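model_35.cif (mmCIF, C-alpha atoms)
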data_upload
loop_
_atom_site.label_atom_id
_atom_site.label_comp_id
_atom_site.auth_asym_id
_atom_site.auth_seq_id
_atom_site.Cartn_x
_atom_site.Cartn_y
_atom_site.Cartn_z
CA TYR A 8 -15.17 18.17 11.38
CA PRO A 9 -12.17 20.12 12.69
CA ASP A 10 -8.79 18.90 11.43
CA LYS A 11 -7.59 19.16 15.02
CA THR A 12 -6.13 16.94 17.72
CA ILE A 13 -7.86 16.15 21.00
CA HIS A 14 -5.46 18.25 23.08
CA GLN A 15 -5.72 21.13 20.59
CA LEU A 16 -9.52 21.15 20.92
CA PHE A 17 -9.23 20.82 24.70
CA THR A 18 -6.98 23.90 24.78
CA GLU A 19 -9.61 25.92 22.91
CA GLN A 20 -12.18 24.81 25.50
CA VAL A 21 -9.97 26.06 28.34
CA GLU A 22 -9.96 29.44 26.59
CA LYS A 23 -13.77 29.49 26.62
CA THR A 24 -14.34 28.28 30.21
CA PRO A 25 -11.06 28.56 32.16
CA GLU A 26 -12.74 28.95 35.57
CA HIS A 27 -15.38 26.25 35.04
CA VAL A 28 -14.96 23.01 36.98
CA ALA A 29 -13.57 20.38 34.61
CA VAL A 30 -13.05 17.39 36.93
CA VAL A 31 -14.77 16.46 40.20
CA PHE A 32 -13.33 13.69 42.39
CA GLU A 33 -15.10 13.59 45.77
CA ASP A 34 -13.54 16.52 47.65
CA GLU A 35 -11.31 17.62 44.76
CA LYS A 36 -12.77 19.95 42.12
CA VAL A 37 -10.39 20.95 39.32
CA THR A 38 -10.98 23.82 36.90
CA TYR A 39 -10.14 23.78 33.21
CA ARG A 40 -7.23 26.16 33.81
CA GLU A 41 -5.96 23.92 36.61
CA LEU A 42 -6.24 20.86 34.37
CA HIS A 43 -4.64 22.70 31.44
CA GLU A 44 -1.71 24.04 33.48
CA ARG A 45 -1.02 20.78 35.33
CA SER A 46 -0.96 18.78 32.09
CA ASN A 47 1.21 21.50 30.54
CA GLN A 48 3.79 20.93 33.29
CA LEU A 49 3.64 17.16 32.78
CA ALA A 50 3.91 17.59 29.00
CA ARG A 51 7.10 19.62 29.45
CA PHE A 52 8.42 16.94 31.81
CA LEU A 53 7.50 14.19 29.34
CA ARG A 54 9.29 15.95 26.48
CA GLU A 55 12.28 16.45 28.78
CA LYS A 56 12.27 12.66 29.29
CA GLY A 57 12.26 11.85 25.56
CA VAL A 58 8.57 11.86 24.58
CA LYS A 59 8.40 12.86 20.92
CA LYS A 60 5.89 12.79 18.04
CA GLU A 61 3.86 9.56 18.15
CA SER A 62 5.85 8.11 21.05
CA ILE A 63 3.95 5.23 22.66
CA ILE A 64 3.59 5.89 26.40
CA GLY A 65 2.04 3.44 28.83
CA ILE A 66 -0.23 4.98 31.45
CA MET A 67 -1.32 2.98 34.51
CA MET A 68 -3.19 4.89 37.22
CA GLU A 69 -6.15 4.47 39.51
CA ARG A 70 -9.31 6.47 38.88
CA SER A 71 -8.05 9.94 39.80
CA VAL A 72 -7.54 13.51 38.68
CA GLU A 73 -3.94 12.38 38.14
CA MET A 74 -5.16 10.03 35.41
CA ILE A 75 -6.84 12.90 33.55
CA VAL A 76 -3.68 15.03 33.80
CA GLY A 77 -1.58 12.08 32.65
CA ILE A 78 -3.63 11.47 29.51
CA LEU A 79 -3.63 15.16 28.59
CA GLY A 80 0.09 15.48 29.31
CA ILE A 81 0.94 12.48 27.13
CA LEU A 82 -1.10 13.88 24.24
CA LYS A 83 0.20 17.44 24.65
CA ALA A 84 3.81 16.25 24.62
CA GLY A 85 3.04 14.59 21.27
CA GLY A 86 2.63 10.88 22.06
CA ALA A 87 -0.16 8.32 22.26
CA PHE A 88 -1.05 6.51 25.47
CA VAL A 89 -1.57 2.82 26.22
CA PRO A 90 -4.15 2.35 29.01
CA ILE A 91 -3.13 -0.35 31.48
CA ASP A 92 -5.43 -1.58 34.24
CA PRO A 93 -3.58 -1.52 37.60
CA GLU A 94 -5.64 -4.61 38.53
CA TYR A 95 -4.32 -6.69 35.63
CA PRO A 96 -1.89 -9.58 36.18
CA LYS A 97 1.70 -8.42 35.81
CA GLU A 98 2.26 -10.90 32.98
CA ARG A 99 -0.71 -9.36 31.16
CA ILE A 100 1.02 -6.01 31.70
CA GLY A 101 4.17 -7.22 29.94
CA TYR A 102 2.17 -7.81 26.77
CA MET A 103 1.15 -4.14 26.73
CA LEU A 104 4.70 -2.79 27.19
CA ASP A 105 5.32 -3.85 23.57
CA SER A 106 7.16 -0.96 21.87
CA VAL A 107 6.26 1.49 24.66
CA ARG A 108 8.80 4.26 25.26
CA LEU A 109 8.11 4.62 29.00
CA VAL A 110 5.43 4.13 31.65
CA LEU A 111 3.56 6.95 33.37
CA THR A 112 2.09 5.69 36.64
CA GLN A 113 1.45 6.51 40.30
CA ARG A 114 3.60 6.04 43.40
CA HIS A 115 2.06 2.80 44.67
CA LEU A 116 1.81 1.19 41.23
CA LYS A 117 5.45 2.00 40.54
CA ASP A 118 5.97 -0.18 43.65
CA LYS A 119 3.55 -2.99 42.78
CA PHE A 120 4.95 -4.00 39.39
CA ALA A 121 8.65 -3.03 39.12
CA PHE A 122 8.32 -2.58 35.37
CA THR A 123 10.83 -3.70 32.75
CA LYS A 124 10.60 -0.21 31.20
CA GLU A 125 11.47 3.34 32.17
CA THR A 126 8.87 4.60 34.63
CA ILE A 127 7.68 8.11 35.52
CA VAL A 128 5.52 8.81 38.58
CA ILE A 129 2.86 11.51 38.38
CA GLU A 130 3.62 12.50 41.99
CA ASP A 131 7.24 13.32 41.08
CA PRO A 132 7.92 16.79 42.57
CA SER A 133 10.11 17.66 39.56
CA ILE A 134 6.99 17.84 37.37
CA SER A 135 5.47 20.64 39.45
CA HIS A 136 8.53 22.84 38.81
CA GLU A 137 7.96 22.96 35.04
CA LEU A 138 6.35 25.97 33.40
CA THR A 139 2.56 26.10 33.50
CA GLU A 140 2.54 28.09 30.24
CA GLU A 141 1.33 26.70 26.94
CA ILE A 142 3.50 24.72 24.53
CA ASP A 143 3.76 24.22 20.78
CA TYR A 144 1.71 21.18 19.77
CA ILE A 145 3.45 18.78 17.40
CA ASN A 146 0.67 16.41 16.30
CA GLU A 147 -1.42 16.25 13.15
CA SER A 148 -4.97 14.90 12.92
CA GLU A 149 -3.82 11.46 11.72
CA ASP A 150 -1.35 10.97 14.58
CA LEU A 151 -2.02 8.09 16.98
CA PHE A 152 -4.33 8.92 19.89
CA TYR A 153 -4.14 5.70 21.93
CA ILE A 154 -3.35 2.01 21.54
CA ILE A 155 -5.99 -0.08 23.33
CA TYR A 156 -5.59 -3.82 23.84
CA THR A 157 -8.35 -6.40 23.45
CA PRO A 164 -4.30 -9.69 22.92
CA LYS A 165 -3.98 -7.17 20.08
CA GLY A 166 -3.05 -3.51 20.41
CA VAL A 167 -5.74 -1.55 18.57
CA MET A 168 -4.41 1.72 17.15
CA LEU A 169 -6.69 4.77 17.00
CA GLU A 170 -5.75 8.20 15.65
CA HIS A 171 -6.79 11.66 16.81
CA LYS A 172 -8.88 11.97 13.64
CA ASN A 173 -11.03 8.94 14.49
CA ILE A 174 -12.00 10.03 18.01
CA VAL A 175 -12.49 13.68 16.99
CA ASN A 176 -14.96 12.70 14.27
CA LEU A 177 -17.10 10.73 16.73
CA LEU A 178 -16.96 13.57 19.26
CA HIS A 179 -17.76 16.19 16.60
CA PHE A 180 -20.83 14.22 15.52
CA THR A 181 -21.81 13.98 19.18
CA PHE A 182 -21.67 17.76 19.59
CA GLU A 183 -23.21 18.76 16.26
CA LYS A 184 -25.88 16.08 15.72
CA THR A 185 -27.02 15.31 19.29
CA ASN A 186 -28.31 17.35 22.23
CA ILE A 187 -26.77 15.32 25.04
CA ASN A 188 -25.81 18.02 27.56
CA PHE A 189 -22.14 17.14 27.84
CA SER A 190 -21.53 20.71 29.04
CA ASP A 191 -23.39 19.69 32.22
CA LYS A 192 -22.26 17.10 34.79
CA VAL A 193 -21.28 13.73 33.29
CA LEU A 194 -20.43 10.50 35.15
CA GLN A 195 -17.15 8.76 34.27
CA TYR A 196 -18.20 5.16 34.88
CA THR A 197 -16.38 3.03 32.31
CA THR A 198 -13.11 1.33 33.25
CA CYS A 199 -9.99 2.93 31.77
CA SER A 200 -9.17 -0.18 29.72
CA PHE A 201 -12.29 0.28 27.56
CA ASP A 202 -12.65 2.76 24.70
CA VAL A 203 -15.97 4.15 25.97
CA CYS A 204 -14.14 5.60 29.00
CA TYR A 205 -12.43 8.17 26.75
CA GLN A 206 -15.69 8.93 24.96
CA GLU A 207 -17.03 9.89 28.39
CA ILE A 208 -13.90 11.84 29.36
CA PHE A 209 -13.32 13.89 26.22
CA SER A 210 -16.89 14.58 25.09
CA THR A 211 -17.27 16.26 28.49
CA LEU A 212 -13.86 17.96 28.53
CA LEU A 213 -14.24 19.24 24.95
CA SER A 214 -17.72 20.71 25.54
CA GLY A 215 -17.08 22.53 28.83
CA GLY A 216 -18.75 20.07 31.20
CA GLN A 217 -17.96 18.65 34.62
CA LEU A 218 -16.33 15.21 34.54
CA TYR A 219 -17.27 13.22 37.66
CA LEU A 220 -14.80 10.48 38.55
CA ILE A 221 -15.48 7.76 41.11
CA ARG A 222 -13.42 5.44 43.25
CA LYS A 223 -13.16 1.79 42.21
CA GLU A 224 -15.36 0.77 45.15
CA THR A 225 -18.06 3.34 44.35
CA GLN A 226 -18.21 2.07 40.76
CA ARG A 227 -18.81 -1.45 42.13
CA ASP A 228 -21.39 -0.22 44.70
CA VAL A 229 -24.69 0.30 42.90
CA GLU A 230 -26.36 1.88 45.94
CA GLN A 231 -23.50 4.35 46.38
CA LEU A 232 -23.39 5.04 42.63
CA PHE A 233 -27.05 5.96 42.07
CA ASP A 234 -26.90 8.19 45.16
CA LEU A 235 -23.88 10.19 43.96
CA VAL A 236 -25.75 10.90 40.72
CA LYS A 237 -28.69 12.15 42.80
CA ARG A 238 -26.83 14.57 45.09
CA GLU A 239 -24.71 16.06 42.30
CA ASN A 240 -27.53 15.96 39.70
CA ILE A 241 -25.39 14.16 37.15
CA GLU A 242 -27.61 14.38 34.08
CA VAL A 243 -25.53 12.37 31.57
CA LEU A 244 -24.93 8.70 32.37
CA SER A 245 -22.91 6.08 30.48
CA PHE A 246 -23.29 2.40 31.37
CA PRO A 247 -22.61 -0.86 29.53
CA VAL A 248 -25.64 -2.73 28.23
CA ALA A 249 -25.13 -5.50 30.80
CA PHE A 250 -25.35 -2.91 33.58
CA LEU A 251 -28.77 -1.67 32.44
CA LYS A 252 -30.05 -5.24 32.11
CA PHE A 253 -28.80 -5.90 35.65
CA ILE A 254 -30.49 -2.76 37.02
CA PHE A 255 -33.93 -3.39 35.53
CA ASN A 256 -34.09 -7.06 36.52
CA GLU A 257 -34.05 -6.10 40.23
CA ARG A 258 -36.95 -4.33 41.92
CA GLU A 259 -34.57 -2.99 44.57
CA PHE A 260 -32.41 -1.20 41.99
CA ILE A 261 -35.29 0.05 39.83
CA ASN A 262 -36.60 1.86 42.91
CA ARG A 263 -33.25 3.57 43.58
CA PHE A 264 -32.40 4.37 39.95
CA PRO A 265 -31.98 8.14 39.39
CA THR A 266 -35.00 9.65 37.66
CA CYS A 267 -33.91 13.19 36.67
CA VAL A 268 -31.12 11.99 34.38
CA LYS A 269 -31.37 13.63 30.97
CA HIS A 270 -29.38 11.17 28.82
CA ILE A 271 -28.22 7.57 29.20
CA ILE A 272 -25.61 6.30 26.71
CA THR A 273 -25.11 2.54 26.40
CA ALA A 274 -22.95 0.15 24.40
CA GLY A 275 -21.99 -3.51 24.38
CA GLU A 276 -24.12 -6.52 23.47
CA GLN A 277 -27.63 -6.10 22.07
CA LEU A 278 -29.71 -3.79 24.26
CA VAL A 279 -32.85 -5.32 25.80
CA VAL A 280 -35.46 -2.90 27.18
CA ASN A 281 -38.06 -4.74 29.24
CA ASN A 282 -41.38 -3.17 30.24
CA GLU A 283 -40.07 -1.62 33.46
CA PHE A 284 -37.18 -0.10 31.51
CA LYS A 285 -39.73 1.08 28.93
CA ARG A 286 -41.85 2.48 31.76
CA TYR A 287 -38.82 4.29 33.22
CA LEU A 288 -37.88 6.00 29.94
CA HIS A 289 -41.44 7.14 29.22
CA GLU A 290 -42.18 8.21 32.81
CA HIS A 291 -39.23 10.57 33.26
CA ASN A 292 -38.52 11.60 29.64
CA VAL A 293 -35.04 10.05 29.66
CA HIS A 294 -33.35 9.68 26.27
CA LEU A 295 -31.58 6.32 25.94
CA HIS A 296 -28.90 6.24 23.24
CA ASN A 297 -27.75 2.93 21.75
CA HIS A 298 -24.16 3.02 20.50
CA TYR A 299 -22.20 0.44 18.51
CA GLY A 300 -18.59 0.15 17.45
CA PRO A 301 -15.51 -2.03 17.78
CA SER A 302 -12.30 -0.77 19.34
CA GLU A 303 -10.82 -0.53 15.82
CA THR A 304 -13.24 2.28 14.87
CA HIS A 305 -14.98 3.35 18.13
CA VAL A 306 -18.68 4.24 18.05
CA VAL A 307 -19.83 4.56 14.44
CA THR A 308 -23.62 4.09 14.64
CA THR A 309 -26.10 5.55 17.13
CA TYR A 310 -29.80 5.14 17.85
CA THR A 311 -31.68 7.43 20.24
CA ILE A 312 -34.87 6.03 21.75
CA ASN A 313 -37.64 8.62 21.72
CA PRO A 314 -39.28 8.19 25.15
CA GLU A 315 -42.59 9.68 23.97
CA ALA A 316 -42.93 7.17 21.11
CA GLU A 317 -43.23 3.40 21.40
CA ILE A 318 -39.97 1.94 22.70
CA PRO A 319 -38.54 -1.17 20.98
CA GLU A 320 -37.57 -3.92 23.41
CA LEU A 321 -34.59 -4.69 21.13
CA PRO A 322 -33.71 -1.25 19.74
CA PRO A 323 -31.51 -1.17 16.63
CA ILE A 324 -27.99 0.22 16.72
CA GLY A 325 -29.15 2.95 14.34
CA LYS A 326 -27.44 4.74 11.47
CA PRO A 327 -23.83 5.68 10.63
CA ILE A 328 -22.37 8.83 12.20
CA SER A 329 -21.00 11.62 9.99
CA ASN A 330 -18.18 10.75 7.57
CA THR A 331 -18.84 7.05 8.25
CA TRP A 332 -20.33 4.47 5.89
CA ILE A 333 -21.62 1.04 6.89
CA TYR A 334 -21.82 -1.95 4.55
CA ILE A 335 -23.49 -5.29 5.26
CA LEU A 336 -21.58 -7.66 2.98
CA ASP A 337 -21.67 -11.35 2.11
CA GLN A 338 -18.68 -13.71 2.07
CA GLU A 339 -17.70 -12.28 -1.34
CA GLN A 340 -17.87 -8.71 0.04
CA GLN A 341 -20.98 -8.13 -2.08
CA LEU A 342 -23.75 -5.94 -0.71
CA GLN A 343 -26.71 -7.65 0.92
CA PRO A 344 -30.32 -6.64 0.24
CA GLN A 345 -32.34 -5.17 3.09
CA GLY A 346 -33.29 -7.79 5.66
CA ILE A 347 -30.55 -10.30 4.73
CA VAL A 348 -28.02 -11.14 7.43
CA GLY A 349 -24.45 -10.17 6.60
CA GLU A 350 -21.12 -9.08 8.08
CA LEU A 351 -20.63 -5.51 9.30
CA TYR A 352 -17.97 -3.47 7.50
CA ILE A 353 -17.10 0.04 8.71
CA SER A 354 -15.58 2.75 6.51
CA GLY A 355 -14.82 6.44 6.85
CA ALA A 356 -13.14 8.86 9.22
CA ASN A 357 -13.41 6.57 12.27
CA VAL A 358 -11.39 3.65 10.89
CA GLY A 359 -8.20 3.24 12.90
CA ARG A 360 -4.64 2.48 11.86
CA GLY A 361 -4.71 -1.24 12.69
CA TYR A 362 -3.02 -3.60 15.14
CA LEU A 363 0.28 -2.64 16.77
CA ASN A 364 3.27 -4.56 15.38
CA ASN A 365 1.02 -7.12 13.64
CA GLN A 366 -0.07 -6.16 10.13
CA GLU A 367 -0.66 -9.68 8.87
CA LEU A 368 -3.74 -9.49 11.11
CA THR A 369 -4.29 -5.91 9.93
CA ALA A 370 -4.27 -7.05 6.30
CA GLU A 371 -6.97 -9.59 7.19
CA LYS A 372 -9.22 -7.01 8.88
CA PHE A 373 -8.57 -3.65 7.18
CA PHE A 374 -9.38 -3.20 3.49
CA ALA A 375 -9.74 -0.45 0.91
CA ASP A 376 -13.32 0.71 0.42
CA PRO A 377 -14.45 -0.68 -2.97
CA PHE A 378 -17.31 1.84 -3.15
CA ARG A 379 -15.38 4.87 -1.81
CA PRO A 380 -11.81 4.21 -2.97
CA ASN A 381 -10.32 6.99 -0.82
CA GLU A 382 -11.68 5.39 2.36
CA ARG A 383 -10.41 2.70 4.73
CA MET A 384 -12.70 -0.23 5.55
CA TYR A 385 -12.67 -2.40 8.68
CA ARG A 386 -14.24 -5.87 8.90
CA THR A 387 -15.87 -6.43 12.30
CA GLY A 388 -17.09 -10.03 12.23
CA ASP A 389 -20.46 -8.89 13.60
CA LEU A 390 -23.73 -9.92 11.95
CA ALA A 391 -26.42 -7.37 11.13
CA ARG A 392 -29.43 -6.57 8.96
CA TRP A 393 -30.54 -3.41 7.19
CA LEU A 394 -34.02 -2.39 8.29
CA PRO A 395 -36.47 -0.77 5.85
CA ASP A 396 -36.14 2.54 7.73
CA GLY A 397 -32.35 2.59 7.28
CA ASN A 398 -31.49 1.52 10.83
CA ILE A 399 -29.08 -1.36 11.39
CA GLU A 400 -30.28 -4.37 13.39
CA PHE A 401 -27.33 -5.80 15.34
CA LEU A 402 -27.40 -9.57 15.88
CA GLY A 403 -23.92 -10.84 16.77
#

Take the structure in the file and give it back as C-alpha cells.
Amino acid sequence: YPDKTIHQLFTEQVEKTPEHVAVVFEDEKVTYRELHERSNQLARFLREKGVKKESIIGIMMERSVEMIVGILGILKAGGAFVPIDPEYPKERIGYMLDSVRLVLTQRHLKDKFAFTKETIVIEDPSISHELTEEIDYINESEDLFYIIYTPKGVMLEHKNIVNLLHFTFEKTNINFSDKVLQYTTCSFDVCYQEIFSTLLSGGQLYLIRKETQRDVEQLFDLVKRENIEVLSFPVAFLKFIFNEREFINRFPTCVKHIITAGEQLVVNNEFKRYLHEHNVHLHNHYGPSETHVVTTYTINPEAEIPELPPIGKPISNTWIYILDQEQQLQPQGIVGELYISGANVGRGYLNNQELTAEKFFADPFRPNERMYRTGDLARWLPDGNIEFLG
C-alpha cells in the first residue's frame, strides 16, 4: 500500500480527473479541480491561523460541499480533524473540544454554540482570497487523520485509513469511480470510508440533506434518478427496509454494490430474493473505530445466501486473532475475543493512555505489529471466515 497521506492521494486523483464531478449536492456539482482549489485556499487560511503538523482541529458543519472542503483543507494544512455533530448537546460538544486548536464551522453553527475555543467560519470571505495553487504537504503516513469520539476520542492515522482504502481498490470491484451515496452521519467512521473511497478513485460523491437522509421515500428515489450504483447503509437500516413491504417495493434495483456495517447482518428471504433477482453484491464489513473496517465478506448473489453472513476475512496487512482470557489462540469453532493487528490499528485514545494500555497491546505473534482488543466475541469457521457474535 502507498506510504501516502489521504490528501496526497486525493491530489494525485485530481491530476487524473480534474474536470470530473467530485461532489454532487442537489443543484451544486463540484469538480475535482474545484474541490482541490477550494480546499487549497482553506488550507492556506488554516496555516495562516496557526494550523501546524498534527494540530487537532474541530470541524462542525451540516451535510454540505463546505464539509468536504473543510475536511480536505484541515488535512492539507497538516492537521487532523475532530468531527462534531451540529445536533449534539452543547455540553457534549465541550467534551470534544479537548486539546483542539480551533473549530472550523459554518455561519449558523458559529451562532448556535458560542464555542469556548477559537472559531473559523467556512463562509469567511478572507478564505476565498488565498491562492488556489498547490501547497507543500507536511504529513507523514503515521500522522493523525482524525479523532472520532464514541466518551473517548479514538485516534486514527493516515496509514490506517489508507490501508483499508487501498485494499478496497485493489481487492474489490466496487465501482467507487461511479456515483456513490454519502449516507452515514459525519460522527461515524463509515462516513469517511464513503467519502474518501469515492474521492480517491475518481467517483461522484452524492451528499444529501439531513431531511432526505431521514426520508426513506425521498432517499430511494434520489438513487433512482441519479443511478447511484454504490450504496452504504448501516445493518439496522437494511433490516428496517426488508421488514416492510412498502419499502421493499420502492428499494432501488439497479444498484451494483451495497456496503453494510454494524450489528450482525440478518438477510431474510425477501432480502435474499432481492440480491439474487438483481445481481446486487452485498458486502459485510466489520471493525471498531479504533481500527476501522478490517474484515470483509461479499455475498455472492448467484450462490446460496447465508441469512447470517459471516464478517469474512482480514483485509491486507491485517491479522485477526480469536483469543481466550489468557490471550491464547482458540481452536476453530470456539468462542473467543476479537483482537485486531496490523496496518489498521490506530494510535489509541486521546489524552487517556491508561485506557489505551488496557486495549492496545504488542502483537505476540508478529512483534513489529500493534494489537487492539475489541471486546467482541467471534468464532473461526472451517473456511477461514470469522463468525461475529457480539

| task | Using the chain letters and numbering of this document, enumerate as number ranges by chain the residues selected by the PyMOL selection byres ((chain A and resi 263) around 12). | result | A: 229-237, 254-255, 257-262, 264-267, 287

| message | To test your reading of the syntax: which residues would the PyMOL selection byres ((chain A and resi 239-252) around 8) return for the file shown? Reply as JSON, numbers by chain. | response | {"A": [187, 188, 189, 191, 192, 193, 194, 195, 196, 197, 207, 235, 236, 237, 238, 253, 254, 255, 256, 267, 268, 269, 270, 271, 272, 273, 274, 275, 276, 277, 278, 279, 280]}

| request: Evaluate the PyMOL selection byres ((chain A and resi 341) around 12) and record the selected residues as a ChimeraX atom specification, following the chain and residue labels used in the document. | output: /A:334-340,342-344,347,349-352,376-378

| query | Which distance in Å separates CA of residue 175 (chain A) and CA of residue 297 (chain A), to one decimal? | reply | 19.3 Å

| request: Have a look at CA of residue 133 (chain A) and CA of residue 17 (chain A) and let me know their distance in Å, one decimal. | output: 24.6 Å

With all atoms listed in the file as the counted atoms, please give the residues lying no more than 9 Å from residue 103 (chain A), apart from itself and same-chain residues fewer than 2 positions off, as a JSON list (two decimals) with C-alpha atoms, keeping the file's coordinate frame.
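Contents of result.json, freshly written:
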[["chain", "number", "residue", "atom", "x", "y", "z"],
["A", 65, "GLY", "CA", 2.04, 3.44, 28.83],
["A", 89, "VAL", "CA", -1.57, 2.82, 26.22],
["A", 90, "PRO", "CA", -4.15, 2.35, 29.01],
["A", 91, "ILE", "CA", -3.13, -0.35, 31.48],
["A", 99, "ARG", "CA", -0.71, -9.36, 31.16],
["A", 100, "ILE", "CA", 1.02, -6.01, 31.70],
["A", 101, "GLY", "CA", 4.17, -7.22, 29.94],
["A", 105, "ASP", "CA", 5.32, -3.85, 23.57],
["A", 106, "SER", "CA", 7.16, -0.96, 21.87],
["A", 107, "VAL", "CA", 6.26, 1.49, 24.66],
["A", 155, "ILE", "CA", -5.99, -0.08, 23.33],
["A", 156, "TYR", "CA", -5.59, -3.82, 23.84],
["A", 164, "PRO", "CA", -4.30, -9.69, 22.92],
["A", 165, "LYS", "CA", -3.98, -7.17, 20.08],
["A", 166, "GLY", "CA", -3.05, -3.51, 20.41]]

Kindly provide, as lines of an AutoDock Vina configuration file, the centre and edge lengths (Å, one decimal) of an axis-aligned box around all atoms of region 359-367 of chain A given in the file, with 3 Å on each side.
center_x = -2.5
center_y = -3.2
center_z = 12.8
size_x = 17.5
size_y = 18.9
size_z = 13.9

Using the partial input, fill out region 196-215 of chain A with N, CA and C atoms; write the result as a short mmCIF file (atom, residue, chain, number, x, y, z; two decimals), in the coordinates of the input.
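Okay, this is what ended up in out-v5.cif:
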data_model
loop_
_atom_site.label_atom_id
_atom_site.label_comp_id
_atom_site.auth_asym_id
_atom_site.auth_seq_id
_atom_site.Cartn_x
_atom_site.Cartn_y
_atom_site.Cartn_z
N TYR A 196 -17.99 6.49 34.32
CA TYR A 196 -18.20 5.16 34.88
C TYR A 196 -17.26 4.11 34.30
N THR A 197 -17.02 4.15 32.99
CA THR A 197 -16.38 3.03 32.31
C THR A 197 -14.92 2.88 32.73
N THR A 198 -14.48 1.63 32.87
CA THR A 198 -13.11 1.33 33.25
C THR A 198 -12.14 1.83 32.18
N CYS A 199 -10.96 2.27 32.64
CA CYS A 199 -9.99 2.93 31.77
C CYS A 199 -9.43 2.03 30.68
N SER A 200 -9.64 0.72 30.75
CA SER A 200 -9.17 -0.18 29.72
C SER A 200 -10.17 -0.38 28.59
N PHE A 201 -11.31 0.31 28.63
CA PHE A 201 -12.29 0.28 27.56
C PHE A 201 -12.31 1.61 26.82
N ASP A 202 -12.68 1.56 25.54
CA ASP A 202 -12.65 2.76 24.70
C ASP A 202 -13.77 3.74 25.04
N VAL A 203 -14.87 3.26 25.63
CA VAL A 203 -15.97 4.15 25.97
C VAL A 203 -15.55 5.13 27.07
N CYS A 204 -14.62 4.73 27.93
CA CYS A 204 -14.14 5.60 29.00
C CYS A 204 -13.67 6.95 28.46
N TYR A 205 -12.95 6.94 27.34
CA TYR A 205 -12.43 8.17 26.75
C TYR A 205 -13.48 8.92 25.94
N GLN A 206 -14.52 8.23 25.48
CA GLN A 206 -15.69 8.93 24.96
C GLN A 206 -16.36 9.74 26.06
N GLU A 207 -16.49 9.16 27.26
CA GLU A 207 -17.03 9.89 28.39
C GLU A 207 -16.14 11.07 28.77
N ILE A 208 -14.82 10.82 28.85
CA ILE A 208 -13.90 11.84 29.36
C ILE A 208 -13.86 13.04 28.43
N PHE A 209 -13.65 12.81 27.13
CA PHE A 209 -13.32 13.89 26.22
C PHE A 209 -14.54 14.56 25.60
N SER A 210 -15.68 13.88 25.51
CA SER A 210 -16.89 14.58 25.09
C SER A 210 -17.34 15.57 26.16
N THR A 211 -17.02 15.30 27.43
CA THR A 211 -17.27 16.26 28.49
C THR A 211 -16.22 17.36 28.51
N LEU A 212 -14.94 16.98 28.44
CA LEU A 212 -13.86 17.96 28.53
C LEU A 212 -13.83 18.90 27.33
N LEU A 213 -14.28 18.44 26.16
CA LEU A 213 -14.24 19.24 24.95
C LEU A 213 -15.52 20.03 24.72
N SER A 214 -16.50 19.92 25.63
CA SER A 214 -17.72 20.71 25.54
C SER A 214 -17.96 21.55 26.80
N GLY A 215 -16.97 21.64 27.69
CA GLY A 215 -17.08 22.53 28.83
C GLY A 215 -17.81 21.98 30.03
#
